[PDB]
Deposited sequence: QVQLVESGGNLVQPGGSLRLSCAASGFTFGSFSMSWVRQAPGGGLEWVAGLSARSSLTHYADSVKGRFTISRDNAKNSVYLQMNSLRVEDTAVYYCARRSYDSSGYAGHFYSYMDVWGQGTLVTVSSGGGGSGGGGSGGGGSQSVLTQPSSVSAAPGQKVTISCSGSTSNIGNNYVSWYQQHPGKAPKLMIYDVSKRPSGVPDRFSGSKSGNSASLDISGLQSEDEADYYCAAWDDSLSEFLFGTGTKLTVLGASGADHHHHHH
């Protein structure tokens, strides 16, 4: 199997620089797209920066634009994130993910979902709406609703992630309604206008987690995550 190993995380002063790293093993990183998503302590997911597969086109998030840089190193089978002029809000665990080539899908929409995440690395410095929380009992049925706008969800492929406290996020649904190998079919995704929906029939005790949705936003030119839903199963 494949994995991303991250290192570089450290306690630093404000204004300091710091270089994070996301190394690939089991596969060759140069032939693949990737992203950097961070998660402040007690916050939700937030896109930061990314790399296009066949070229080397970077895109950055408005917050960290001009401070952060993202190069690759085909020789060390990895990709670095150069963070400069750090600020206290940058405080968070930074994840890195590969976006595989989507067999389905189409021109300009071939790298939509993040299917292999890293384990994360802490950097300490001295939008789409979902409900805050839903609840149910085992055997029942929840529906997590993700609503946005034309710019993003109406036009673009949407994807859902799952996340137990402390662990890295996991890909549940991509391209609106598909699911990767080894995901129970009791997970179902759909879309209707400018809002998508995650569906869990036959709820179980392990399903208890945080659920995010995500989609590219054409007008902002960023990748967007939802605020997140805390699913609670009555246990």
When the deposited sequence is counted from residue 1, which ranges lack any model? 127-144, 254-264
